[PDB]
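The sequence shown lines up with residues 1 to 97 when you count with the entry's author numbering.
Note that the Cβ used here is the ideal one computed from N, Cα and C, for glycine as well.
Here the structure is laid out as structure tokens; the discussion comes afterwards.
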Amino acid sequence: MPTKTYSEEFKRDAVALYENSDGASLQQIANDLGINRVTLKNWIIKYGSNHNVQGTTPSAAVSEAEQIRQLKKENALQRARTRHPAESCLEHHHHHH
Numbered sequence: 001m002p003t004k005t006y007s008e009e010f011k012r013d014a015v016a017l018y019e020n021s022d023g024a025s026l027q028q029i030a031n032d033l034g035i036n037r038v039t040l041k042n043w044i045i046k047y048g049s050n051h052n053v054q055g056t057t058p059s060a061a062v063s064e065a066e067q068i069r070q071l072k073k074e075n076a077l078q079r080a081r082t083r084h085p086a087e088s089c090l091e092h093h094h095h096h097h
């Protein structure tokens with residue numbers, strides 16, 4: 001199985017777009033990129049944790065565990081990132097769990 005890679009840059013840019021929410025709706029951001037608004041919302045809270053959200057809970061490292069276990073275990077996986085991504089997925093992406 002090839003890795004459907006996504007750089008931190010994408011998560012980073014997603015949250016950076018949220019900084020511009022003054023003129024960009026939550027939907028507009030995700031809709032413009034082509035991603036889910038909930039998946040977007042996840043990264044927003046995950047990286048933009050510092051706020052009037054609560055006291056102090058390390059949430060950034062909760063969802064990151066996916067990336068952690070990948071990089072922590074096998075370096076062989078790094079060569080799978082070299083594969084071309086799957087843009088077609090945005091077409092056949094319909095609600096299904």
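Report all residues from its chain with a CB closer than 6 angstroms to the CB of residue i; omit the five preceding and five following residues, and keep chain order.
i	result
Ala80	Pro2 and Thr3
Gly48	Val15
For residue i, does the count of other Cβ atoms within 10 angstroms reach 16, so buried, or fall short, so exposed?
i	result
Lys11	buried
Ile44	buried
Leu71	exposed
Spatial neighbours of residue i within its chain, please: CB distance less than 7 angstroms, with the 5 preceding and 5 following residues excluded, ordered by chain position.
i	result
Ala30	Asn36, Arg37 and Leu40
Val62	none
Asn42	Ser63
Since residue i and residue j should fall inside the 8 angstroms C-beta cutoff, what is the C-beta to C-beta distance between them, to a whole number of angstroms?
i	j	result
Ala60	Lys46	6 angstroms
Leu17	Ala24	6 angstroms
Between the options, which has its C-alpha nearest residue i's C-alpha?
i	options	result
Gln67	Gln78, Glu91 and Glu87	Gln78
Considering just the uninterrupted stretch of the alpha helix (DSSP H) at residue i, what are its terminal residues?
i	result
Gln54	Segment: none, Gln54 is in no alpha helix (DSSP H) and carries neither H nor E.
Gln78	Unbroken run through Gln78: none, as it is neither H nor E.
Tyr18	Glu8 to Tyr18
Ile45	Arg37 to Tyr47
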